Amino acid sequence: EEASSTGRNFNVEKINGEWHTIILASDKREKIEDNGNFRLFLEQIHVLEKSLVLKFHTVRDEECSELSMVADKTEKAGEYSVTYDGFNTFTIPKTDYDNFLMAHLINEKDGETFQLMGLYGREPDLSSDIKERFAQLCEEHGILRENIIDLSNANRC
């Protein structure tokens, strides 16, 4: 079965555990390019009562660096917020819990904004069919495929 974090049947406990960044997308491409602050490689999600603890690593000059973030539930069900290079809010528009998770995030910094979308997998890669479904979700948010970056061949340290 599939669910959205904003949906009535969402079961947040089921997204707990191991995840990997498979594809990142943004309407401001530089944010997810080589030295972008949003080129984050997810490692795990720890589900807590009113928050999610996210563990990631970033890469630079071929060197991995760990970083953790705590995302808090907001007043709208299925939405979380976290401070990181500005103020962010995000939801999970589609996940099947066992294979993939698609997240949509809005960043606000210095009076500006941009959208980020991420495709995460339980394994270090996903099927071409799931990757195509992600491209379609990106299209629905006005993000061109040329702004979608597959990082499956570079998500391990």
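The first residue of the sequence shown is number 1, and the count goes up from there.
If you average the CA temperature factors over each stretch, which comes out higher, 45-53 or 23-31? Per the PDB record, 45-53.
Select between 92-100 and 56-64 the stretch whose C-alpha atoms have the higher average B-factor in the entry. Looking at the recorded C-alpha B-factors, 56-64 comes out higher on average.
Residue selected from 9, 136, 147, 16 by maximal Cα B factor: Each of 9, 136, 147, 16 was compared by C-alpha B-factor; the highest is 9.
Residue 119 CA temperature factor, ranked by third within the chain: Lowest third, going by the recorded CA B-factors of the chain.
Chain third (lowest, middle, highest) by recorded CA B-factor, residue given as residue 105: Bottom third by C-alpha B-factor.
Which third, lowest, middle or highest, does the C-alpha temperature factor of residue 69 belong to within its own chain? Highest third - that is where residue 69 ends up once the chain's C-alpha B-factors are sorted.
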